[PDB]
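*Asks:* The structure follows.
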Amino acid sequence: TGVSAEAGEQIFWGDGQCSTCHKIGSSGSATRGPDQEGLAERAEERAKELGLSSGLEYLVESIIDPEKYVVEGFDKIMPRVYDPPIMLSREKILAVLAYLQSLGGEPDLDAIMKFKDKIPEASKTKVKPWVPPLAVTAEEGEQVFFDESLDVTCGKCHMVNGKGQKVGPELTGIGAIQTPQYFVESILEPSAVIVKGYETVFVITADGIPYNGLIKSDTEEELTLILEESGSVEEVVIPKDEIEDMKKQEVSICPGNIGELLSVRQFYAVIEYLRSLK
Ligand code: HEC
Ligand code: HEC
Ligand SMILES: [Ca+2]
Ligand SMILES: [Ca+2]
Ligand SMILES: [Ca+2]
């Protein structure tokens, strides 16, 4: 499809997977990462603050080394899209950069092409294949994911293709986006990265009653929280007019002792299942 902002648009909303986390104003609905409307102008300001040569260089850096600068208000969730699973080609990354420049700026093809030697080549990825130390299958991991008899049941909070209960984010298609290393960290260090919007809020009512949990739904008159305890959940509906204070906390209700509740085999099988969610 070549290096053009028009090709980059197809990739951003296509196999670049960018629109699974980013929206552009009212285009798209994803909120995992920053809204990219006006990104071209924003990048110029980040480049000045960070000592880079241009906003375009900041955009390049944001793709090749997502962890190097973390936008305030977000965690380190953006994958290196040139690595598996996405394995976005160098030509596709250049096209995406042209599209990003068009978000409030003008694409500069000559300038973009000069960064080609800085974009890692997906075919030459340094990532070693993911091979669990036991034989496990994705089908085995699906059984674990939904097993209600275990001390932890992912399906109590996560939905996949219409199955499971919606508390945390739906995981449909996540294996097309994230690495097994991210899945390991999500399960064993759940509060290390918190999907945007799934923070725990600490609420205090006028009567002095505390409620700590995830906001399920927030309307004009009622706030519904999901409380978590020992992998079990419960909903409470709090009248808004009874809320005295509320404070967001950078902690997750994705359970913190999964490493103690799953066997080695269950753990690696669940990871295989997630990888298979394409
Ligand atoms: C969710 C798993 C993401 C995917 C898929 C993509 N991006 Fe992302 N991006 C994400 C987050 C949480 C953040 C903020 C934290 C950080 O790493 O800085 C970002 C940031 C960017 C930026 C910088 C934006 C800014 O305001 O400075 C850019 C330019 C960007 N991301 C680009 C981008 C592209 C082109 C993607 C598809 C190839 C893409 N991202 C996917 C989360 C996620
Ligand atoms: C309710 C008590 C949950 C249970 C049971 C499980 N998860 Fe969870 N998960 C939950 C929340 C509220 C969030 C968002 C905040 C955060 O910690 O990031 C998550 C997140 C994840 C993710 C990241 C999803 C993403 O889109 O990036 C993963 C991969 C994940 N959780 C995996 C997972 C597994 C394997 C579980 C069973 C062992 C599991 N979760 C249970 C809430 C809850
Ligand atoms: Ca970044
Ligand atoms: Ca997490
Ligand atoms: Ca209770």
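By order of appearance in the structure tokens: chains A, B, ..., then residues from 1 within every chain, and ligands from 1 in the order shown.
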Would you list the contacts of region 114-128 of chain A as a ChimeraX atom specification, taking every protein, DNA or RNA residue within 7 Å and counting only C-alpha atoms, but skipping same-chain residues closer than 4 positions in sequence?

*Replies:* /A:64,82-83,87-90,110

*Asks:* Next, write the just-selected residues to a file, as a PDB file, in the first residue's frame, keeping N, CA, C and O atoms as the atom set.

*Replies:*
ATOM      1  N   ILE A  64       8.895   3.071  18.167  1.00  0.00           N
ATOM      2  CA  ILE A  64       9.961   2.079  18.271  1.00  0.00           C
ATOM      3  C   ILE A  64      10.325   1.780  19.730  1.00  0.00           C
ATOM      4  O   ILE A  64      10.797   0.681  20.031  1.00  0.00           O
ATOM      5  N   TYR A  82       6.323  -3.751  15.927  1.00  0.00           N
ATOM      6  CA  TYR A  82       7.186  -4.491  15.007  1.00  0.00           C
ATOM      7  C   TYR A  82       7.545  -5.877  15.524  1.00  0.00           C
ATOM      8  O   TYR A  82       8.054  -6.695  14.748  1.00  0.00           O
ATOM      9  N   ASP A  83       7.326  -6.148  16.820  1.00  0.00           N
ATOM     10  CA  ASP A  83       7.524  -7.469  17.407  1.00  0.00           C
ATOM     11  C   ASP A  83       6.230  -8.278  17.369  1.00  0.00           C
ATOM     12  O   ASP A  83       5.136  -7.725  17.175  1.00  0.00           O
ATOM     13  N   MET A  87       3.777  -7.721  14.481  1.00  0.00           N
ATOM     14  CA  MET A  87       4.811  -7.850  13.447  1.00  0.00           C
ATOM     15  C   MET A  87       4.563  -6.891  12.283  1.00  0.00           C
ATOM     16  O   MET A  87       4.638  -7.251  11.101  1.00  0.00           O
ATOM     17  N   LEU A  88       4.299  -5.634  12.627  1.00  0.00           N
ATOM     18  CA  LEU A  88       4.060  -4.625  11.608  1.00  0.00           C
ATOM     19  C   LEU A  88       5.345  -4.329  10.831  1.00  0.00           C
ATOM     20  O   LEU A  88       6.401  -4.059  11.417  1.00  0.00           O
ATOM     21  N   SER A  89       5.248  -4.364   9.504  1.00  0.00           N
ATOM     22  CA  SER A  89       6.412  -4.154   8.653  1.00  0.00           C
ATOM     23  C   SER A  89       6.941  -2.726   8.753  1.00  0.00           C
ATOM     24  O   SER A  89       6.244  -1.780   9.154  1.00  0.00           O
ATOM     25  N   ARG A  90       8.197  -2.567   8.338  1.00  0.00           N
ATOM     26  CA  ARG A  90       8.805  -1.249   8.355  1.00  0.00           C
ATOM     27  C   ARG A  90       8.057  -0.290   7.433  1.00  0.00           C
ATOM     28  O   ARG A  90       7.816   0.864   7.798  1.00  0.00           O
ATOM     29  N   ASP A 110       9.516  12.887   2.524  1.00  0.00           N
ATOM     30  CA  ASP A 110      10.978  12.903   2.530  1.00  0.00           C
ATOM     31  C   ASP A 110      11.512  12.729   3.950  1.00  0.00           C
ATOM     32  O   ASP A 110      12.424  11.926   4.194  1.00  0.00           O
TER      33      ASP A 110
END

*Asks:* So which residues touch residue 61 (chain A) within 12 Å, counting only C-alpha atoms, skipping near sequence neighbours fewer than 2 positions away, as a list in words?

*Replies:* residues 43, 46, 47, 50, 52, 53, 54, 55, 56, 57, 58, 59, 63, 64, 65, 66, 67, 68, 69, 70, 80, 93, 97, 115, 118, 119 and 120 of chain A

*Asks:* Would you name the residues within 6 Å of ligand 4, counting only C-alpha atoms and all ligand atoms, and put them as number ranges by chain?

*Replies:* A: 186, 190-194

*Asks:* What lies within 12 Å of residue 98 (chain A) using only C-alpha atoms, ignoring chain neighbours under 5 positions off, as a PyMOL selection string?

*Replies:* chain A and resi 2-12+39-40+56+59-60+91-93+103-113+115

*Asks:* So which residues are near ligand 2, meaning at most 6 Å away with only C-alpha atoms and all ligand atoms counted, given back as a PyMOL selection string?

*Replies:* chain A and resi 145+153-154+156-157+168-169+183+186-187+190-191+193-195+198+228+231+252-255

*Asks:* Keeping N, CA, C and O atoms, export the residues of the selection given above as an mmCIF file, in the first residue's frame.

*Replies:*
data_model
loop_
_atom_site.group_PDB
_atom_site.id
_atom_site.type_symbol
_atom_site.label_atom_id
_atom_site.label_comp_id
_atom_site.auth_asym_id
_atom_site.auth_seq_id
_atom_site.Cartn_x
_atom_site.Cartn_y
_atom_site.Cartn_z
ATOM 1 N N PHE A 145 -9.684 -20.910 32.233
ATOM 2 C CA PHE A 145 -10.199 -19.542 32.244
ATOM 3 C C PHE A 145 -11.629 -19.485 32.762
ATOM 4 O O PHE A 145 -11.998 -18.543 33.467
ATOM 5 N N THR A 153 -11.235 -17.582 38.937
ATOM 6 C CA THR A 153 -11.915 -17.854 37.671
ATOM 7 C C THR A 153 -11.874 -16.593 36.817
ATOM 8 O O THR A 153 -12.615 -15.644 37.089
ATOM 9 N N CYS A 154 -11.043 -16.582 35.765
ATOM 10 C CA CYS A 154 -10.926 -15.366 34.959
ATOM 11 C C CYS A 154 -12.269 -14.944 34.380
ATOM 12 O O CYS A 154 -12.570 -13.742 34.292
ATOM 13 N N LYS A 156 -15.142 -14.971 35.576
ATOM 14 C CA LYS A 156 -15.986 -14.178 36.477
ATOM 15 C C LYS A 156 -15.843 -12.677 36.249
ATOM 16 O O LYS A 156 -16.740 -11.914 36.625
ATOM 17 N N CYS A 157 -14.729 -12.224 35.668
ATOM 18 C CA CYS A 157 -14.531 -10.800 35.427
ATOM 19 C C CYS A 157 -14.267 -10.442 33.977
ATOM 20 O O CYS A 157 -14.404 -9.269 33.618
ATOM 21 N N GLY A 168 -13.858 -6.681 34.429
ATOM 22 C CA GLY A 168 -12.684 -6.135 33.784
ATOM 23 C C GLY A 168 -12.881 -6.057 32.288
ATOM 24 O O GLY A 168 -13.943 -6.399 31.761
ATOM 25 N N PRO A 169 -11.853 -5.606 31.571
ATOM 26 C CA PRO A 169 -11.969 -5.477 30.113
ATOM 27 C C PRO A 169 -12.233 -6.807 29.417
ATOM 28 O O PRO A 169 -11.735 -7.868 29.819
ATOM 29 N N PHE A 183 0.990 -10.808 29.226
ATOM 30 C CA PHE A 183 0.015 -11.650 29.930
ATOM 31 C C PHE A 183 0.585 -12.146 31.257
ATOM 32 O O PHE A 183 -0.118 -12.148 32.275
ATOM 33 N N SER A 186 0.399 -9.282 33.594
ATOM 34 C CA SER A 186 -0.985 -8.961 33.965
ATOM 35 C C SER A 186 -1.506 -9.888 35.055
ATOM 36 O O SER A 186 -2.249 -9.442 35.944
ATOM 37 N N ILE A 187 -1.136 -11.175 34.998
ATOM 38 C CA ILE A 187 -1.659 -12.196 35.919
ATOM 39 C C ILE A 187 -0.909 -12.168 37.246
ATOM 40 O O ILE A 187 -1.500 -12.347 38.319
ATOM 41 N N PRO A 190 -0.791 -7.734 38.726
ATOM 42 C CA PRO A 190 -1.978 -7.087 38.126
ATOM 43 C C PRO A 190 -2.026 -5.579 38.280
ATOM 44 O O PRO A 190 -2.584 -4.898 37.406
ATOM 45 N N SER A 191 -1.504 -5.022 39.369
ATOM 46 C CA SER A 191 -1.565 -3.576 39.525
ATOM 47 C C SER A 191 -0.346 -2.886 38.939
ATOM 48 O O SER A 191 -0.221 -1.671 39.070
ATOM 49 N N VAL A 193 0.332 -2.558 35.695
ATOM 50 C CA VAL A 193 -0.271 -1.801 34.602
ATOM 51 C C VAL A 193 -1.768 -1.841 34.817
ATOM 52 O O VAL A 193 -2.321 -2.918 35.030
ATOM 53 N N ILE A 194 -2.430 -0.688 34.762
ATOM 54 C CA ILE A 194 -3.869 -0.637 34.987
ATOM 55 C C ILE A 194 -4.516 -0.101 33.727
ATOM 56 O O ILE A 194 -4.279 1.051 33.335
ATOM 57 N N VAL A 195 -5.303 -0.948 33.070
ATOM 58 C CA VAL A 195 -6.047 -0.504 31.899
ATOM 59 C C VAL A 195 -6.829 0.759 32.241
ATOM 60 O O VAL A 195 -7.548 0.814 33.246
ATOM 61 N N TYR A 198 -10.194 1.443 34.484
ATOM 62 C CA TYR A 198 -10.450 0.343 35.403
ATOM 63 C C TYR A 198 -9.701 0.520 36.718
ATOM 64 O O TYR A 198 -9.374 -0.460 37.388
ATOM 65 N N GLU A 228 -14.302 -6.178 45.327
ATOM 66 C CA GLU A 228 -13.620 -7.445 45.128
ATOM 67 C C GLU A 228 -13.032 -7.893 46.452
ATOM 68 O O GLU A 228 -12.581 -7.067 47.250
ATOM 69 N N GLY A 231 -10.917 -12.847 45.163
ATOM 70 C CA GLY A 231 -11.404 -13.225 43.853
ATOM 71 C C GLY A 231 -12.906 -13.183 43.672
ATOM 72 O O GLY A 231 -13.375 -13.343 42.534
ATOM 73 N N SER A 252 -5.607 -2.335 41.075
ATOM 74 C CA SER A 252 -6.533 -3.120 40.269
ATOM 75 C C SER A 252 -7.271 -4.119 41.141
ATOM 76 O O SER A 252 -6.728 -4.603 42.138
ATOM 77 N N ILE A 253 -8.491 -4.483 40.729
ATOM 78 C CA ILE A 253 -9.141 -5.635 41.360
ATOM 79 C C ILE A 253 -8.839 -6.957 40.643
ATOM 80 O O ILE A 253 -9.261 -8.018 41.127
ATOM 81 N N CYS A 254 -8.095 -6.939 39.520
ATOM 82 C CA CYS A 254 -7.540 -8.189 38.992
ATOM 83 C C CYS A 254 -6.737 -8.853 40.120
ATOM 84 O O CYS A 254 -5.835 -8.214 40.676
ATOM 85 N N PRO A 255 -7.076 -10.086 40.537
ATOM 86 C CA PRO A 255 -6.671 -10.538 41.880
ATOM 87 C C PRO A 255 -5.162 -10.634 42.051
ATOM 88 O O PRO A 255 -4.436 -11.053 41.147
#

*Asks:* Report, in Å with one decimal, the straight-line distance from CA of residue 266 (chain A) to CA of residue 134 (chain A).

*Replies:*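 CA of residue 266 (chain A) sits 10.3 Å away from CA of residue 134 (chain A).
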
*Asks:* Could you list, as a ChimeraX atom specification, all the residues within 12 Å of ligand 5, counting only C-alpha atoms and all ligand atoms?

*Replies:* /A:210-213,225-230,232-236

*Asks:* For residue 188 (chain A), please output as an mmCIF file with N, CA and C atoms, in the first residue's frame all residues within 9 Å (counting only C-alpha atoms; exclusion window: fewer than 4 positions along the same chain).

*Replies:*
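The resulting file, part25.cif, is reproduced below:
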data_model
loop_
_atom_site.group_PDB
_atom_site.id
_atom_site.type_symbol
_atom_site.label_atom_id
_atom_site.label_comp_id
_atom_site.auth_asym_id
_atom_site.auth_seq_id
_atom_site.Cartn_x
_atom_site.Cartn_y
_atom_site.Cartn_z
ATOM 1 N N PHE A 183 0.990 -10.808 29.226
ATOM 2 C CA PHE A 183 0.015 -11.650 29.930
ATOM 3 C C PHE A 183 0.585 -12.146 31.257
ATOM 4 N N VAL A 184 1.863 -12.547 31.280
ATOM 5 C CA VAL A 184 2.463 -12.990 32.540
ATOM 6 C C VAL A 184 2.395 -11.873 33.573
ATOM 7 N N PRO A 255 -7.076 -10.086 40.537
ATOM 8 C CA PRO A 255 -6.671 -10.538 41.880
ATOM 9 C C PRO A 255 -5.162 -10.634 42.051
ATOM 10 N N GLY A 256 -4.692 -10.267 43.250
ATOM 11 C CA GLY A 256 -3.267 -10.150 43.468
ATOM 12 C C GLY A 256 -2.533 -11.413 43.884
ATOM 13 N N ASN A 257 -3.220 -12.531 44.036
ATOM 14 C CA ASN A 257 -2.579 -13.769 44.475
ATOM 15 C C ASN A 257 -2.775 -14.891 43.460
ATOM 16 N N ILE A 258 -2.841 -14.541 42.170
ATOM 17 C CA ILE A 258 -3.101 -15.569 41.164
ATOM 18 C C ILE A 258 -1.955 -16.571 41.146
ATOM 19 N N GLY A 259 -0.726 -16.091 41.368
ATOM 20 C CA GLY A 259 0.433 -16.964 41.434
ATOM 21 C C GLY A 259 0.368 -18.003 42.534
#

*Asks:* Could you list, as an MDAnalysis selection string, all the residues within 6 Å of ligand 1, counting only C-alpha atoms and all ligand atoms?

*Replies:* chainID A and resid 12 16:18 20:21 32:34 59 62:63 66:67 69:71 74:79 81 96

*Asks:* List every residue of region 64-207 of chain A that DSSP, applied to the backbone of this structure, places in alpha helix (DSSP H), and write the result as a PyMOL selection string.

*Replies:* chain A and resi 64+90-101+109-113+138-145+180-188

*Asks:* So how many Å separate CA of residue 133 (chain A) and CA of residue 178 (chain A), to one decimal?

*Replies:* 20.3 Å

*Asks:* Of the residues A:23, A:73, A:181, A:44, which is the one nearest to ligand 3, using only C-alpha atoms and all ligand atoms?

*Replies:*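 For ligand 3, the nearest of the candidates is A:73.
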
*Asks:* Which polymer residues have any atom within 8 Å of an atom of residue 249 (chain A), counting only C-alpha atoms, with same-chain residues fewer than 6 positions away left out, as a compact mmCIF listing (two decimals) with N, CA and C atoms, in the first residue's frame?

*Replies:*
# COMPACT_ATOMS: atom_id res chain seq x y z
N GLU A 199 -9.41 1.76 37.08
CA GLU A 199 -8.85 2.06 38.39
C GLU A 199 -9.86 1.74 39.48
N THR A 200 -9.35 1.47 40.67
CA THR A 200 -10.22 1.31 41.84
C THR A 200 -10.48 2.69 42.42
N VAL A 201 -11.73 2.99 42.77
CA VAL A 201 -12.04 4.25 43.44
C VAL A 201 -12.37 3.96 44.90
N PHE A 202 -11.91 4.85 45.78
CA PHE A 202 -12.21 4.80 47.20
C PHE A 202 -13.31 5.82 47.45

*Asks:* Skip residue 209 (chain A) itself and residues of its chain fewer than 5 positions away, then list as a ChimeraX atom specification all residues within 10 Å of it, counting only C-alpha atoms.

*Replies:* /A:203-204,242-244

*Asks:* What does the file look like for those residues with N, CA and C atoms, as a compact mmCIF listing (two decimals), in the first residue's frame?

*Replies:*
# COMPACT_ATOMS: atom_id res chain seq x y z
N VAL A 203 -14.46 5.36 47.93
CA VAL A 203 -15.63 6.21 48.16
C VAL A 203 -15.91 6.28 49.65
N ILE A 204 -16.34 7.46 50.11
CA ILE A 204 -16.80 7.64 51.48
C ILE A 204 -18.17 8.30 51.42
N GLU A 242 -25.35 10.81 48.29
CA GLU A 242 -24.80 10.38 49.57
C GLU A 242 -23.28 10.30 49.57
N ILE A 243 -22.63 10.61 48.45
CA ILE A 243 -21.18 10.46 48.34
C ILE A 243 -20.51 11.73 48.86
N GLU A 244 -19.66 11.57 49.87
CA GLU A 244 -18.93 12.68 50.46
C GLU A 244 -17.58 12.90 49.78

*Asks:* Mind the document's chain letters and residue numbers, and return as a PyMOL selection string the residues of region 32-256 of chain A that DSSP labels strand (DSSP E or B).

*Replies:* chain A and resi 160+163+200-205+210-218+222-229+232-239+243-249

*Asks:* Include N, CA, C and O atoms and write out the residues we just selected as a compact mmCIF listing (two decimals), in the first residue's frame.

*Replies:*
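Output file selection_20.txt is given in full below:
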# COMPACT_ATOMS: atom_id res chain seq x y z
N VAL A 160 -15.03 -13.24 26.77
CA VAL A 160 -14.41 -13.62 25.51
C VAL A 160 -15.51 -14.16 24.60
O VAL A 160 -16.16 -15.15 24.94
N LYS A 163 -18.83 -15.06 26.14
CA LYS A 163 -18.80 -15.89 27.34
C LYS A 163 -18.06 -15.17 28.45
O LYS A 163 -17.05 -14.49 28.21
N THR A 200 -9.35 1.47 40.67
CA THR A 200 -10.22 1.31 41.84
C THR A 200 -10.48 2.69 42.42
O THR A 200 -9.55 3.50 42.52
N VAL A 201 -11.73 2.99 42.77
CA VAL A 201 -12.04 4.25 43.44
C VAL A 201 -12.37 3.96 44.90
O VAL A 201 -12.98 2.94 45.23
N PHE A 202 -11.91 4.85 45.78
CA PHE A 202 -12.21 4.80 47.20
C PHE A 202 -13.31 5.82 47.45
O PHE A 202 -13.13 7.01 47.17
N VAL A 203 -14.46 5.36 47.93
CA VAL A 203 -15.63 6.21 48.16
C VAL A 203 -15.91 6.28 49.65
O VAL A 203 -15.78 5.29 50.37
N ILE A 204 -16.34 7.46 50.11
CA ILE A 204 -16.80 7.64 51.48
C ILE A 204 -18.17 8.30 51.42
O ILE A 204 -18.33 9.33 50.75
N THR A 205 -19.16 7.69 52.07
CA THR A 205 -20.51 8.23 52.04
C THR A 205 -20.70 9.23 53.18
O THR A 205 -19.89 9.33 54.10
N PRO A 210 -17.27 3.35 54.03
CA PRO A 210 -16.35 3.25 52.89
C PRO A 210 -16.73 2.14 51.92
O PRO A 210 -17.19 1.07 52.32
N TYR A 211 -16.50 2.42 50.64
CA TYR A 211 -16.68 1.45 49.55
C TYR A 211 -15.51 1.63 48.59
O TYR A 211 -15.34 2.71 48.02
N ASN A 212 -14.73 0.57 48.39
CA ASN A 212 -13.58 0.62 47.49
C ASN A 212 -13.79 -0.38 46.36
O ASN A 212 -13.90 -1.59 46.60
N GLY A 213 -13.82 0.10 45.13
CA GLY A 213 -13.98 -0.85 44.05
C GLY A 213 -13.98 -0.16 42.71
O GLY A 213 -13.69 1.03 42.59
N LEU A 214 -14.37 -0.93 41.71
CA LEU A 214 -14.35 -0.47 40.32
C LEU A 214 -15.69 0.16 39.96
O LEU A 214 -16.74 -0.37 40.30
N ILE A 215 -15.65 1.29 39.25
CA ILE A 215 -16.91 1.89 38.80
C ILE A 215 -17.45 1.10 37.61
O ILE A 215 -16.83 1.07 36.54
N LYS A 216 -18.62 0.48 37.80
CA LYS A 216 -19.29 -0.26 36.74
C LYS A 216 -20.11 0.68 35.86
O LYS A 216 -20.08 0.58 34.63
N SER A 217 -20.85 1.60 36.48
CA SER A 217 -21.70 2.52 35.75
C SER A 217 -21.90 3.75 36.61
O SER A 217 -22.02 3.66 37.83
N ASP A 218 -21.91 4.91 35.95
CA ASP A 218 -21.87 6.21 36.63
C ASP A 218 -22.90 7.08 35.91
O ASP A 218 -22.65 7.53 34.79
N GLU A 222 -26.94 7.65 40.46
CA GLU A 222 -26.43 6.47 41.14
C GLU A 222 -25.06 6.10 40.59
O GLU A 222 -24.76 6.29 39.41
N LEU A 223 -24.22 5.58 41.49
CA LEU A 223 -22.90 5.08 41.15
C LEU A 223 -22.86 3.61 41.54
O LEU A 223 -23.06 3.28 42.71
N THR A 224 -22.62 2.74 40.57
CA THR A 224 -22.53 1.31 40.85
C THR A 224 -21.06 0.91 40.90
O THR A 224 -20.33 1.10 39.92
N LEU A 225 -20.64 0.37 42.04
CA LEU A 225 -19.29 -0.12 42.24
C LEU A 225 -19.27 -1.64 42.29
O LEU A 225 -20.19 -2.28 42.80
N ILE A 226 -18.18 -2.19 41.78
CA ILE A 226 -17.89 -3.61 41.92
C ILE A 226 -16.78 -3.74 42.95
O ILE A 226 -15.66 -3.25 42.74
N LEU A 227 -17.10 -4.38 44.06
CA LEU A 227 -16.17 -4.64 45.15
C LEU A 227 -15.55 -6.01 44.91
O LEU A 227 -16.17 -6.89 44.31
N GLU A 228 -14.30 -6.18 45.33
CA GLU A 228 -13.62 -7.45 45.13
C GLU A 228 -13.03 -7.89 46.45
O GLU A 228 -12.58 -7.07 47.25
N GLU A 229 -13.07 -9.21 46.68
CA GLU A 229 -12.55 -9.80 47.91
C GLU A 229 -12.25 -11.26 47.62
O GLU A 229 -13.17 -12.03 47.30
N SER A 232 -13.68 -12.99 44.74
CA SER A 232 -15.13 -12.85 44.63
C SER A 232 -15.51 -11.38 44.50
O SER A 232 -14.83 -10.49 45.03
N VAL A 233 -16.61 -11.13 43.80
CA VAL A 233 -17.04 -9.77 43.52
C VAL A 233 -18.46 -9.57 44.05
O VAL A 233 -19.22 -10.53 44.25
N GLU A 234 -18.80 -8.30 44.30
CA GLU A 234 -20.19 -7.96 44.62
C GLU A 234 -20.43 -6.51 44.21
O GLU A 234 -19.51 -5.69 44.21
N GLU A 235 -21.66 -6.23 43.79
CA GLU A 235 -22.06 -4.90 43.35
C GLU A 235 -22.75 -4.15 44.47
O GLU A 235 -23.54 -4.72 45.22
N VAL A 236 -22.49 -2.86 44.55
CA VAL A 236 -23.26 -1.99 45.42
C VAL A 236 -23.66 -0.77 44.60
O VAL A 236 -22.89 -0.27 43.78
N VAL A 237 -24.88 -0.31 44.83
CA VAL A 237 -25.38 0.90 44.17
C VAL A 237 -25.44 1.99 45.23
O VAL A 237 -26.16 1.85 46.23
N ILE A 238 -24.70 3.06 45.01
CA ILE A 238 -24.53 4.15 45.96
C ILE A 238 -25.26 5.38 45.42
O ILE A 238 -24.92 5.86 44.33
N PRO A 239 -26.23 5.94 46.14
CA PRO A 239 -26.83 7.20 45.69
C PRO A 239 -25.79 8.30 45.62
O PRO A 239 -25.05 8.55 46.58
N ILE A 243 -22.63 10.61 48.45
CA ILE A 243 -21.18 10.46 48.34
C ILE A 243 -20.51 11.73 48.86
O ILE A 243 -20.76 12.82 48.34
N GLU A 244 -19.66 11.57 49.87
CA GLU A 244 -18.93 12.68 50.46
C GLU A 244 -17.58 12.90 49.78
O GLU A 244 -17.19 14.04 49.54
N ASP A 245 -16.87 11.82 49.46
CA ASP A 245 -15.62 11.98 48.74
C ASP A 245 -15.34 10.73 47.92
O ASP A 245 -15.88 9.65 48.18
N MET A 246 -14.50 10.90 46.90
CA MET A 246 -14.12 9.81 46.01
C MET A 246 -12.71 10.10 45.52
O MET A 246 -12.42 11.24 45.15
N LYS A 247 -11.85 9.09 45.53
CA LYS A 247 -10.45 9.24 45.13
C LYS A 247 -10.05 8.05 44.28
O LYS A 247 -10.17 6.90 44.72
N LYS A 248 -9.59 8.31 43.06
CA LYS A 248 -9.06 7.24 42.22
C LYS A 248 -7.73 6.73 42.78
O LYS A 248 -6.90 7.50 43.24
N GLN A 249 -7.53 5.41 42.70
CA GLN A 249 -6.32 4.76 43.19
C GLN A 249 -5.75 3.88 42.10
O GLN A 249 -6.49 3.17 41.41

*Asks:* For ligand 3, which residue among A:250, A:139, A:72, A:41 is the nearest when counting only C-alpha atoms and all ligand atoms?

*Replies:* A:72

*Asks:* Figure out the distance between CA of residue 155 (chain A) and CA of residue 267 (chain A), please, to one decimal in Å.

*Replies:*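 It comes out at 14.5 Å.
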
*Asks:* Would you kindly return, as a list in words, each protein, DNA or RNA residue with an atom no farther than 8 Å from any atom of residue 277 (chain A), considering only C-alpha atoms and excluding same-chain residues fewer than 3 positions away?

*Replies:*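 Neighbouring residues, sequence-local ones excluded: residues 171, 172, 173, 174, 175, 176, 273 and 274 of chain A.
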